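K.L.:
Please read through the structure below; I'll follow up with questions.
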Amino acid sequence: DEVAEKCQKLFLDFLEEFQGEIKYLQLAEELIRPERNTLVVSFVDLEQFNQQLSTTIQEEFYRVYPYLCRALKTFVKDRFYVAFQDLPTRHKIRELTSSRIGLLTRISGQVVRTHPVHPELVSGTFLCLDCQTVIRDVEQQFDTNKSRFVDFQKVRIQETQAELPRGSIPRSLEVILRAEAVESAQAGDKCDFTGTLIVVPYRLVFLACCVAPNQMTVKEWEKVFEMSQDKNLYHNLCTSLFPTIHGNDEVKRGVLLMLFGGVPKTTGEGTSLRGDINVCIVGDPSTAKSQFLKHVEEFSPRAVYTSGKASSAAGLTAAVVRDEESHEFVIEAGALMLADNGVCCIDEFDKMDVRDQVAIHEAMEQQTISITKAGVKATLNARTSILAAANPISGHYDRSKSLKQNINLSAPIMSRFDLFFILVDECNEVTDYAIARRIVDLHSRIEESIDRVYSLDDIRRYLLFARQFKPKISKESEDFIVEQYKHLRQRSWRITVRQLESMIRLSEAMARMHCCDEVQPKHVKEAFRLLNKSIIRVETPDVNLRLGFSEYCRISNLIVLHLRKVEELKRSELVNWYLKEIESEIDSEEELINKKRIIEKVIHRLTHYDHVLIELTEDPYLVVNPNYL
Amino acid sequence: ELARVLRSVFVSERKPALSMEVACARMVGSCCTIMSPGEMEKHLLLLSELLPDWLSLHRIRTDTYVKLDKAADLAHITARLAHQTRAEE
Amino acid sequence: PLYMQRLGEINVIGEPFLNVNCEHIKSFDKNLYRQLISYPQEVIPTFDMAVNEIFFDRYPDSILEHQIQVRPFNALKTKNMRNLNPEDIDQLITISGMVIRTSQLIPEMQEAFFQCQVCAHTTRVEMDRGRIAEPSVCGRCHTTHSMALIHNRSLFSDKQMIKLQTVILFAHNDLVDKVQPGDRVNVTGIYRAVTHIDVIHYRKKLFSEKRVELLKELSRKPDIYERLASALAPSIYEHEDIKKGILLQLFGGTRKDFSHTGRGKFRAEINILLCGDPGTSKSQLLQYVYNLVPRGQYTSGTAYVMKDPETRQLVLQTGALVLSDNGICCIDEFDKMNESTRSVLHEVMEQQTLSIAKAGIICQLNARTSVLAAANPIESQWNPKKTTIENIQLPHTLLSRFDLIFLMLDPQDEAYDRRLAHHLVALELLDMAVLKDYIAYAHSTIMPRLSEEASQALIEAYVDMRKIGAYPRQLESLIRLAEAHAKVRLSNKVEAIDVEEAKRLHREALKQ
Ligand SMILES: Nc1ncnc2c1ncn2[C@@H]1O[C@H](COP(=O)(O)OP(=O)(O)OP(O)(O)=S)[C@@H](O)[C@H]1O
Ligand SMILES: [Mg+2]
Ligand SMILES: [Zn+2]
């Protein structure tokens, strides 16, 4: 093949002239090392150096690969295998056809099974038994001392879930790895393999060479920076992530926090502390129990969804199945281990049998799953965050019975959820009007009725950037957490050390959200409410111009705290202080006059209705009722 | 940068012209940034309007097809794009 | 001549494939059409040669991937699959059918690449008639029996075996993978016996102008709806509201994709529950619906795993629910069903999808079906009580999922018995035959959309309804019913009349 010799000469040219330092000289010198026998070559450098050679290699890789090896051997000997990387095109397993045989392509899949390393005889020195003639350098079409052997690994891969079309069985592919590619892949991992599709007697097999698992653009980086400095980032994210869901913002905050997640810690005793969050939603029907699952599934690419009763014990964690060809027993993966480092959503968790939940138990806390079945002994990682949806007994929360009698769940399962929300439905005219108008507006005005503060892709990029930081806990946060847990535990869903760890995780999640390298007590105060609230209405009613109950409590708390601090004032002075403190939010004269109106009304209402403030004789003195805590 | 990828796409497909849908899908599946197909379509339209000599669009029936000259030097085209960006600034 | 424009379009696109309608050949030349039917395998090369010569004469500078191939389709022999005879061997045949299973990609050699074992002299042999013409001598050193075959260097064509509902189809090259199981295809190809059919072409409007005019004339009648109510189930007496609900379910709602919103695909298909004593019109009505509606399913009170004997791989079989996709599924004796199946039913009722995670098999399936269920009260008699559960014992979830619930009570009124007996002893045609095509036309052509007046009406209806107790799902059902009534009037906009009629029907059902 003249073109093969031309390709060999051009590869020599690339190796000898690519640069102000030649990148491959050190790699070639290290190729002398016995443990190093494959050379990694970038495809982008090959294509930029010349295009004819790049196209020829991409098109006749099998034709010129031994010539490439010969060129590598010649170049090294002047002072072995060739590996390629960074191919710009990704392809799907369902795209692999006979028309692509011999083409250099890279394929994405998930490793499901592995086989041990075997010696493969490449060139064999054969001894004739009739005339004692030694035949050397005999290639094999698919004396041990003088023959050449290469390490081999066989991998079985399965289609990714995202690329799987609905109603289709994910096909499996066989992959051959040699030399340095051996043992570089582990079962349960997702990898991209660069190589070719060869013809085995027929049969389809992929020969691979490589495996796969600051520099961002200026404008994307600047957008991330700008949105990282937003003071209202938390509420804006909460609104944008669920634009079509009305109320129930506590659930939104909880799911956002579990998306952020905490940091895992491993003790010197080797024990691993879970750095994830598990969330349970239980409620009467017609609520948004499901919609959150769908939103988090569509938003996060690493999300898995499943139903309650249709899932068996084997299908959740793993199963032990006998392999047809090998006549042995192997492990088929379950949903939990496929959802590794992701989120798993379970719908109708109540309908699941106890025999299934007891299997879930181990993955819930120890974050790993152990199998000791039929002579098969193994442990697998199950680093997942579980989001469970359920309804109370008989579908309706009966107030004639106790709270404990309204949930048919085991005590450890109740204990192992960090956040446990219970939703109760009530008949209120204003809530009915809001729900009806939202639903009809969505049905009639599909796209123009959506106002998203930030793009979904922007949220994804920000979350990816934020998840890699690991904040430190401050001493002030430390003693604040100590005293808060003191107060909380001094009062069914018992509060154990697990809740303390959940509180620490929530504080760390708040710290990661704000891109802060250290944890501040404000995060602790924020998470304390979320841990406390438990049973939650759809929406609080208005208080007489109207103002929400939460804001009313916030203003009351602020004013009481300031007066009580000053105890160790005057009406006008206190109003001036409040307006000084809230200057960071007001941006217009109208908002200032509105705030003045609101604070005057609230102070009057507290003075004359709630009796928390007592007047003492145009600027009367104000004192706190000594029985408010 | 996207233009570079586009070139490689036409290198990979062994075809002189491709539809909007397949080309946009492959570019999104190979781009370094997650983007919507509509953004890719608008970017392709911008490339066609700025640089018609390299890249041509043909309206056939109910679709628009994309054809490119593979022999053009990428460095000169990149310099022209940088000059156009500077001019628009 | 349309064919010259077709050739120009092929030139512009570069795809060397010609689709030729057999009726055009029959009209142009009956003898040539007969020759095509009798010996397609010999006239197809002639057609390819003629079209290639014409195209190269017109545009000789064509860089074609492959030579232009002619694909005839829609032959007169639209024989039924069961009408095959030994007479039409090696003739073209066209069959309509359903695809069940498709095999994986099967490579077949078409060019054998041989290399000399001494001087590496290379040659190519065309694969002909299932035999390999292996060279015996070398072209350079003339050494006998020095040829080696390289599988990788050889040329392969993709072929696929497909099961059609049964017959075996063999798709080659381009035709491979173009058809997904679960679809209806008209396959045109040559009949061969070893029996099998080799595919040449796949096929995946129906009303004249007079039919559309007649439909418009009928729709302009304000009574047609009620008249259509009289058209449904003539043997069933004094169930006009039930017939109205069945017709509205037949029309159904309109499908909307909320992909830009981040929300799941909302259900747009209507389900109705019926409860009453056995021996009533339940079974007859269910049979009538199943017979009238295409793709209907009848079941009595899902997907499964089958071992492939060939590759020892676990494949999936689709239950009646999946098989009735875009159709209507009717179930009898709802109460008497196992609780596991009813637990499964919640997902298909709500999300129209179904997820399975069993024995390492994880899959999701589309289940766009309408459920028409018949149930029997637990007492076998209407005990005077308050809630429907007190008579039927059904969970609140399943009841809340149903859009419409109707109860069949045999009244203790003598005149009703008179009318029933007279209807029995005495026990239209222009309507149902037209109505099938009318429903198909309404489904394919029109889609209504919501208005502001109907928005305000629905908001008021919701706020009034909750005072009686109310879930947003009944509001969604009311929207669906309004869409169905708008489709009934063939109106592109939902108005006050649709909302008022839907509210009237809902309140009548609740009162009863
Ligand atoms: N706050 C809300 N905003 C918008 N739509 C809502 C709201 N609450 C309820 N809905 C609507 O009511 C539907 C019910 O939500 P789902 O979560 O699917 O039902 P569910 O409460 O989970 O009951 P199950 O578990 O499916 S029996 C939603 O899909 C929305 O269409
Ligand atoms: Mg739900
Ligand atoms: Zn020879």
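Computed from the coordinates by the stated procedures, all read-outs in this text should not be read as laboratory data. In this analysis, Cβ positions are derived from the backbone assuming ideal geometry, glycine residues included, and neighbour counts consider all displayed protein chains.
K.L.:
Which FRET efficiency value, to the nearest 0.05, do you get for A:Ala411 and A:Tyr433 by plugging their Cβ-Cβ distance into 1/(1 + (r/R0)^6) with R0 = 51 Å? Numbers along the way, then the final one.
P.N.:
Working: r = 41 Å, r/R0 = 0.81.
Once the sixth-power term is evaluated, E becomes 0.80.
K.L.:
Rounded to whole Hz and in sequence order, give me ³J(HN,Hα) for segment C:29-39 from the Karplus expression 6.51 cos²θ - 1.76 cosθ + 1.60, θ = phi - 60°, writing x for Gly and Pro.
P.N.:
Rounded to whole hertz, the list is 8, 5, 5, 5, 5, 5, 5, 4, 5, 5, 10.
K.L.:
Report, in listed order, any pair from A:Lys522/A:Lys580; C:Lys221/C:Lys511; A:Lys289/A:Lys522 with a Cα-Cα distance greater than 26 Å. Intermediate results must be reported in sequence, preceding the final value.
P.N.:
Values: A:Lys522/A:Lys580 20 Å; C:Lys221/C:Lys511 30 Å; A:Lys289/A:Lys522 30 Å.
Those over the limit are C:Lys221/C:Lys511; A:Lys289/A:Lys522.
K.L.:
Going 7 Å from the Cα of A:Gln215 toward and past its Cβ, which residues in segment B:5-38 have a backbone nitrogen under 12 Å from where you end up?
P.N.:
Inside the label zone: B:32.
K.L.:
Which log10 I(q)/I(0) values, to two decimals, does segment A:82-136 give at q = 0.25, 0.31 Å⁻¹ under the Debye formula with one point per Cα?
P.N.:
-1.11, -1.17
K.L.:
Quantify how much of the Cα-Cα distance distribution of segment C:251-344 extends past 17 Å, in percent.
P.N.:
Numbers: 2895 of 4371 pairs.
Result for the distance tail: 66 percent.
K.L.:
Hey, another quick one. Using a 10 Å cut-off around each Cβ of peptide A:292-305, what is the average number of partner chain Cβ atoms that fall inside? Before the final figure, lay out the partial values.
P.N.:
Values: counts 0, 1, 5, 4, 0, 1, 4, 1, 0, 1, 0, 0, 2, 5.
Shielding by partners across A:292-305 averages 2.
K.L.:
If you don't mind, there's one more thing I want to ask. Quick one, can you get me the convex hull of the C-alpha atoms of segment A:400-460 expressed as volume per residue in Å³? If you can, show how the numbers build up before the last one.
P.N.:
Values: hull volume 10.7 nm³, N = 61.
Dividing the Cα hull volume of segment A:400-460 by its residues yields 176 Å³.
K.L.:
Which values of log₁₀ I(q)/I(0), to two decimal places, follow from the Debye formula for segment A:130-261 at q = 0.18, 0.22 Å⁻¹ with a uniform point scatterer at every Cα?
P.N.:
Those come out to -1.07, -1.27, one per q.
K.L.:
Moving on to the next point. Please find the FRET efficiency linking A:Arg529 to C:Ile497, where r is the Cβ-Cβ separation and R0 is fixed at 60 Å, and quote it to the nearest 0.05.
P.N.:
Details: r = 50 Å, r/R0 = 0.84.
My answer for the efficiency is 0.75.
K.L.:
Moving on to the next point. Ranked by Cβ crowding within 10 angstrom, fewest neighbours first, how are C:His346, A:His514 ordered? Don't skip to the answer; put the middle values down first.
P.N.:
Working: C:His346 19, A:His514 15.
With the sparsest Cβ surroundings first, the list reads A:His514, C:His346.
K.L.:
Hey, another quick one. Give, as ranges by residue number, the residues of segment B:10-40 whose backbone N falls under 11 Å from the point 7 Å along Cα→Cβ of A:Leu456.
P.N.:
B:36
K.L.:
I would also like to ask the following. What three numbers, in Å, describe the spread of the alpha carbons of segment C:112-194 along their principal axes, ordered from the longest?
P.N.:
Its Cα atoms span 57, 24, 15 Å along the three principal axes.
K.L.:
Calculate for chain B the 222 nm mean residue ellipticity that helices alone would give, adding -39,500 (n - 2.57) per DSSP H run of length 4 or more and normalising by residue count, nearest 500 deg cm²/dmol.
P.N.:
Values: 4 runs with 52 residues, N = 89.
Calculated from helices alone, the mean residue ellipticity at 222 nm is -18500 deg cm²/dmol.
K.L.:
Now a separate question. Measuring from the lowest to the highest alpha carbon on each principal axis, how far does segment A:194-272 reach, largest first, in angstroms?
P.N.:
Largest to smallest, the principal-axis extents are 62, 45, 33 Å.
K.L.:
OK, next. Evaluated at 25 °C with a viscosity of 0.890 mPa s, what Stokes-Einstein diffusion coefficient in µm²/s does segment C:362-512 have when Rh comes from the Kirkwood expression over alpha-carbon pairs?
P.N.:
Working: Rh = 18.9 Å.
Taking Rh from Cα pairs, D becomes 130 µm²/s.
K.L.:
Another question, if that's okay. Any idea what Rg and Dmax come out to for segment A:74-184 if you just take the C-alpha atoms, in Å?
P.N.:
Both quantities, over Cα of segment A:74-184: 19.2, 64 Å.
K.L.:
Can I ask one more? If you count, for every residue in A:439-448, the Cβ atoms of partner chains within 10 Å of its Cβ, what is the mean? List each step's numbers first, then the result.
P.N.:
Numbers: counts 8, 11, 2, 5, 11, 9, 2, 6, 3, 0.
What the average comes to for A:439-448 is 6.
K.L.:
So what are the radius of gyration and Dmax for the Cα set of chain C, in Å?
P.N.:
Reported Rg and Dmax, both Å: 30.7, 108.
K.L.:
Taking N as the number of residues in segment C:26-166, what is its alpha-carbon radius of gyration divided by 2.2 N^0.38 Å? Don't skip to the end; give the middle numbers.
P.N.:
On the way: Rg = 21.1 Å, N = 141, 2.2 N^0.38 = 14.4 Å.
Here the Cα radius of gyration is 1.46 times the empirical estimate.
K.L.:
Here's another thing I want to ask about it. So for segment B:1-66, Kirkwood radius off the Cα pairs, Stokes-Einstein at 37 °C and 0.692 mPa s: how many µm² s⁻¹? Don't jump to the answer; show the numbers that get you there.
P.N.:
Details: Rh = 12.2 Å.
The calculation lands on 270 µm²/s.
K.L.:
For segment A:575-629, state the semi-axes of the equivalent ellipsoid (square roots of 5 times the eigenvalues of the alpha-carbon gyration tensor), sorted largest first and rounded to whole angstrom.
P.N.:
Details: eigenvalues 122, 27, 23 Å².
Its equivalent ellipsoid spans semi-axes of 25, 12, 11 Å.
K.L.:
When all C-alpha to C-alpha distances in segment C:1-98 are sorted into bins of 10 Å, what percent of pairs does each bin hold, rounded to whole numbers?
P.N.:
Here the calculated profile for segment C:1-98 is 14, 42, 30, 13, 2.
K.L.:
In whole Hz and in residue order, list the ³J(HN,Hα) couplings for segment A:217-226 that follow from phi through the Karplus curve 6.51 cos²θ - 1.76 cosθ + 1.60, θ = phi - 60°; x for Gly and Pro.
P.N.:
5, 5, 6, 4, 4, 5, 4, 4, 4, 5
K.L.:
Something else: Projected area of the protein assembly as shown, taken from the Cα convex hull and averaged over every viewing direction, in nm²? Each step should come with its number before you reach the end.
P.N.:
Details: hull surface 264.3 nm².
Its Cα hull, projected and averaged over all orientations, spans 66.1 nm².
K.L.:
Here is a follow-up. Can you compute 3J(HN,Hα) from phi for each residue in segment A:442-459, using the Karplus curve 6.51 cos²θ - 1.76 cosθ + 1.60 with θ = phi - 60°, rounded to whole Hz and x for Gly and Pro?
P.N.:
Result, ordered by residue: 5, 5, 8, 10, 6, 9, 6, 9, 10, 10, 9, 5, 10, 5, 4, 5, 4, 4 Hz.
K.L.:
Rounded to the nearest 500, what is chain A's calculated 222 nm mean residue ellipticity when only DSSP H runs of at least 4 contribute -39500 (n - 2.57) each, over all residues? Walk me through the numbers on the way to the answer.
P.N.:
Values: 21 runs with 241 residues, N = 629.
Calculated from helices alone, the mean residue ellipticity at 222 nm is -11500 deg cm²/dmol.
K.L.:
Cα-based Rg (one decimal) and Dmax (whole number) for segment A:521-613, in Å?
P.N.:
Values for segment A:521-613 (Cα only, Rg and Dmax): 14.8, 41 Å.
K.L.:
Would you give the gap between the C-alpha center of segment A:346-421 and the C-alpha center of segment B:8-50, rounded to a whole Å?
P.N.:
Answer, in whole Å: 46.
K.L.:
As an exercise, find the ratio Rg/Rh for segment A:143-213 from alpha-carbon atoms, using the Kirkwood inverse-distance average for Rh. Present the calculation step by step, with values, prior to reporting the outcome.
P.N.:
On the way: Rg = 14.7 Å, Rh = 13.9 Å.
With Rh from the inverse mean 1/r over Cα pairs, Rg/Rh is 1.06.
K.L.:
Also: Expressed in whole Å with the largest first, what are the equivalent ellipsoid semi-axes of segment A:299-341 derived from the C-alpha gyration tensor as the square root of 5 times each eigenvalue? Let's see the in-between values first.
P.N.:
On the way: eigenvalues 123, 35, 10 Å².
Rounded to whole Å, the semi-axes are 25, 13, 7.
K.L.:
Okay, next question. In the structure shown, do any of C:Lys77/C:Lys436; C:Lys385/C:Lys467; C:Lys204/C:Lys243; A:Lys309/C:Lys244 have a Cα-Cα gap over 30 Å, and if so which?
P.N.:
Values: C:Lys77/C:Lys436 27 Å; C:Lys385/C:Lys467 22 Å; C:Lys204/C:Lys243 34 Å; A:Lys309/C:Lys244 36 Å.
Violating the 30 Å limit, Cα to Cα: C:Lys204/C:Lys243; A:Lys309/C:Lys244.
K.L.:
Which number do you get for Rg(Cα) / (2.2 N^0.38 Å) in segment A:368-416? Can you show the working numbers first?
P.N.:
Details: Rg = 17.3 Å, N = 49, 2.2 N^0.38 = 9.7 Å.
Normalised Rg, Cα atoms only: 1.79.
K.L.:
Calculate, in whole percent, how much of the Cα-Cα pair population of chain A lies beyond 35 Å. Mind dumping the intermediate values first?
P.N.:
Numbers: 114173 of 197506 pairs.
Pairs farther apart than 35 Å: 58 percent.
K.L.:
Ok, one more. Counting only DSSP beta bridges with both residues in chain C, what percent are antiparallel, rounded to the nearest 5?
P.N.:
Numbers: 47 of 72 bridges.
Approximately 65 percent, going by the DSSP bridge assignments.
K.L.:
If amide hydrogens are placed 1.01 Å from N in the peptide plane, which non-local residues have theirs closer than 5 Å to the one on C:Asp403?
P.N.:
Close amide H contacts, sequence-distant or interchain: C:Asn271.
K.L.:
Throw me the Rg/Rh for segment C:184-281, computed over C-alpha atoms with Kirkwood Rh, two decimals. Numbers along the way, then the final one.
P.N.:
Details: Rg = 22.2 Å, Rh = 19.0 Å.
With Rh from the inverse mean 1/r over Cα pairs, Rg/Rh is 1.17.
K.L.:
Let me ask something else about it. Using the Kirkwood radius over Cα pairs, work out the Stokes-Einstein diffusion coefficient for segment A:230-359 at 4 °C and 1.567 mPa s, in µm²/s as a whole number. Display every interim value, and only then the final one.
P.N.:
Working: Rh = 17.3 Å.
Answer from the Stokes-Einstein relation: 75 µm²/s.
K.L.:
Straight-line reach from C:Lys205: which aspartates and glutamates have Cα under 15 Å away, leaving out those fewer than 8 places along the same chain?
P.N.:
Qualifying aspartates and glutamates at Cα under 15 Å: C:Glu213, C:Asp437.
K.L.:
On to the next question. Equivalent ellipsoid semi-axes for segment C:342-403, as square roots of 5 times the alpha carbon gyration tensor eigenvalues: give them largest first, rounded to whole Å.
P.N.:
Values: eigenvalues 191, 30, 18 Å².
So the three semi-axes of segment C:342-403 are 31, 12, 10 Å.
K.L.:
What Kirkwood Rh does segment A:1-103 have if only Cα atoms enter the pairwise 1/r average? Answer in Å. Don't skip to the end; give the middle numbers.
P.N.:
Details: mean 1/r = 0.0687 Å⁻¹.
Averaging 1/r across every pair of different Cα atoms and inverting gives 14.6 Å.
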